[PDB]
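Data first, discussion second: the structure below is written as structure tokens.
All residue numbers in this chain count up from 1 along the given sequence. All values below were derived from every heavy atom in this structure, side-chain atoms included, with hydrogens, water molecules and symmetry-related copies excluded.
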Amino acid sequence: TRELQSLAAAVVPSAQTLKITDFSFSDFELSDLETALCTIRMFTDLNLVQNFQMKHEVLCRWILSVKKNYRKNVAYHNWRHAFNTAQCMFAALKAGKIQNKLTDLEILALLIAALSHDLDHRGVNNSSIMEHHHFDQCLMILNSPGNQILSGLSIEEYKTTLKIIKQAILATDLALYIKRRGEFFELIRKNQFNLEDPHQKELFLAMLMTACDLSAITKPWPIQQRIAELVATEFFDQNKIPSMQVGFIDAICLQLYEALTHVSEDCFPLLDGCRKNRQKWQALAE
Ligand SMILES: CCCOc1ccc(S(=O)(=O)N2CCN(C)CC2)cc1-c1nc(CC)c(CC)c(=O)[nH]1
Ligand SMILES: [Mg+2]
Ligand SMILES: [Zn+2]
């Protein structure tokens with residue numbers, strides 16, 4: 001309750017002051033409290049606090065609960081990753097201009113899913129069955145006394161939001177992503193992609209989740225190097241790395257950020273950042 005008072009009492013600077021609109025954003029300089037404030041600012045500027053009548057102290061407690069149920073002892077899959085995933089979702093909605101393509105309920109659900117998609121992760125070396133666990137954690141927090149940020153939704157809105165959240169979190173299973181992306185790229189190829197169709201909307205949301213989840217691969221080189229270190233620490237500690245990164249960028253990332261740019265030209269900086277990182281890793285590969 002110490003940390004709650006300080007957080008509930010604090011003033012929240014603008015999105016601009018907090019840099020959370022930049023695709024190249026980094027959290028290394030930030031304290032836990034500051035990531036909490038950034039998260040509040042994300043809900044606020046996406047109009048979520050207004051439109052769904054969230055009570056300040058409930059939102060605060062909810063963020064603290066989420067943060068608390070990530071394990072600090074895990075090198076990469078921890079609160080900072082979740083936080084960064086949500087900041088990328090925010091950036092893509094705002095600067096990437098995806099916002100206007102989605103409903104308020106969709107946006108509410110993506111933001112929540114982004115923050116919650118890896119809840120209670122124990123590290124890759126301890127083991128969509130895991131994604132079912134992350135969503136289960138998400139739901140438990142959403143239903144805890146004092147943490148009910150969805151209380152202002154009608155029962156109908158509430159069910160629709162949980163479904164989107166669940167799908168969103170399950171979508172972060174890279175196997176599901178590989179399974180489903182074929183259709184997405186194909187649709188883009190033929191310039192047939194259409195957000196008005198429910199099936200394609202849901203598919204887009206899945207792709208968007210993966211794009212944010214992997215967003216570290218798009219960061220300015222000094223930052224990417226740093227995160228790759230965290231990832232390697234988790235993979236191996238809990239010379240072949242540069243070629244691995246290149247394989248990962250080629251196999252998983254490039255096409256995704258390419259498609260995403262086709263959906264919205266303003267998401268280009270993610271693609272651009274990803275390409276530059278490939279250059280850097282490719283060079284080290286030799
Ligand atoms: C930096 C040390 C090792 O990095 C990697 C090595 C191999 C692979 S991978 O060949 O695509 N693959 C390895 C096995 N697994 C199912 C995950 C995917 C991904 C990664 C990788 N995964 C991730 C996701 C955890 C990230 C964060 C965006 C990353 O920078 N690299
Ligand atoms: Mg995960
Ligand atoms: Zn993740």
Side-chain angles (χ1 to χ4, degrees), residues 19-30 74-92 95-96 114 117-118 121 123-127 130 171-182 184-185 188-189 206-264 266-286:
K19 310 155 181 298
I20 58 166
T21 318
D22 307 327
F23 288 108
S24 59
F25 171 96
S26 171
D27 74 292
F28 295 147
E29 82 203 59
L30 269 23
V74 170
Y76 171 71
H77 285 108
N78 53 48
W79 159 250
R80 288 318 174 99
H81 166 56
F83 173 63
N84 282 307
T85 305
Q87 183 277 321
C88 189
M89 181 65 64
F90 181 85
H117 84 270
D118 265 330
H121 203 299
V124 296
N125 289 334
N126 306 335
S127 208
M130 204 172 167
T172 67
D173 180 13
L174 279 179
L176 262 190
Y177 159 74
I178 284 157
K179 219 192 71 172
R180 285 188 91 201
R181 66 176 185 175
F184 179 57
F185 296 154
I188 297 282
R189 241 177 277 154
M207 300 290 112
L208 186 54
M209 285 295 299
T210 296
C212 298
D213 187 8
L214 304 178
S215 74
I217 204 62
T218 70
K219 296 299 189 180
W221 175 240
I223 293 169
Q224 153 62 197
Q225 263 176 303
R226 244 58 235 229
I227 294 166
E229 198 182 328
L230 289 179
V231 174
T233 301
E234 188 177 312
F235 282 13
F236 312 114
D237 282 277
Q238 298 189 332
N239 62 119
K240 255 184 163 79
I241 288 171
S243 87
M244 290 192 297
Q245 287 301 88
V246 169
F248 163 66
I249 286 174
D250 282 348
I252 293 107
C253 307
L254 275 181
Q255 296 176 269
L256 175 54
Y257 298 111
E258 264 161 24
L260 177 57
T261 299
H262 285 169
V263 175
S264 171
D266 301 270
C267 288
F268 177 74
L270 294 152
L271 175 56
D272 195 46
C274 182
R275 291 174 163 163
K276 289 174 185 181
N277 282 329
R278 188 194 190 285
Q279 273 167 339
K280 297 286 182 186
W281 284 121
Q282 177 55 27
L284 284 173
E286 323 143 329

**Request:** Using the side chain to side chain contact (heavy atoms under 4.5 Å, CB included) rule, take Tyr76 and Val124 through it: C-alpha gap first, then chi angles, then the decisive distance, then the call.
**Result:** CA-CA 9 Å; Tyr76 171 71; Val124 296; over 6 Å; no
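- Side chain of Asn84 to backbone of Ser215: no donor-acceptor contact under 3.5 angstrom is found.
- Side-chain N or O atoms of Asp27 include none that pairs as donor or acceptor with a backbone N or O of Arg80 at under 3.5 Å.
- Annotation: side chain of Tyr257 is in contact with side chain of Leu214 (closest heavy-atom distance under 4.5 Å).
- For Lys19, the side-chain contact (heavy atoms from CB on, under 4.5 Å) partners two or more places apart in sequence, or in a different chain, are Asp22, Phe25, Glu29.
- Using a 4.5 Å heavy-atom threshold, the side chains of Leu260 and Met207 count as separate.
- A donor atom on one side chain and an acceptor atom on the other are not found under 3.5 Å apart for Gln279 and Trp221.
- Considering only heavy atoms from C-beta on, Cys88 comes within 4.5 Å of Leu270 through its side chain.
- Using a 4.5 Å cut-off on side-chain heavy atoms (C-beta onward), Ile249 and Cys274 make contact.
- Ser264 places no side-chain N or O within 3.5 Å of a backbone atom of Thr261 that could act as its donor or acceptor partner.
- Judged as a side-chain contact (heavy atoms from CB on, under 4.5 Å), and not counting sequence neighbours, the contacts of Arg275 are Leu254, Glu258, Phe268, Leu271.
- Side chain of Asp118 to main chain of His77: no donor-acceptor pair is present (N/O by atom type, distance under 3.5 Å, no hydrogens or angles).
- Contact detail for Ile241 and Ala232: the closest heavy-atom pair is CD1-CB, 3.7 Å.
- Of the options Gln282, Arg278, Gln245, a side-chain hydrogen bond (donor to acceptor under 3.5 Å, both in side chains) to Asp250 is made by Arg278 and by none of the others.
- Side-chain atoms of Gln225 and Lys280, non-hydrogen and from C-beta on, never get closer than 4.5 Å to each other.
- Contact check for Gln224 versus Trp281: side-chain heavy atoms found under the 4.5 Å cut-off.
- Residues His81 and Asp213 are in side-chain contact: their nearest non-hydrogen atoms beyond the backbone lie under 4.5 Å apart.
- Ionic pairing of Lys179 and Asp173 is not present here: no N-O contact between side-chain nitrogen and carboxylate oxygen is shorter than 4.0 angstrom.
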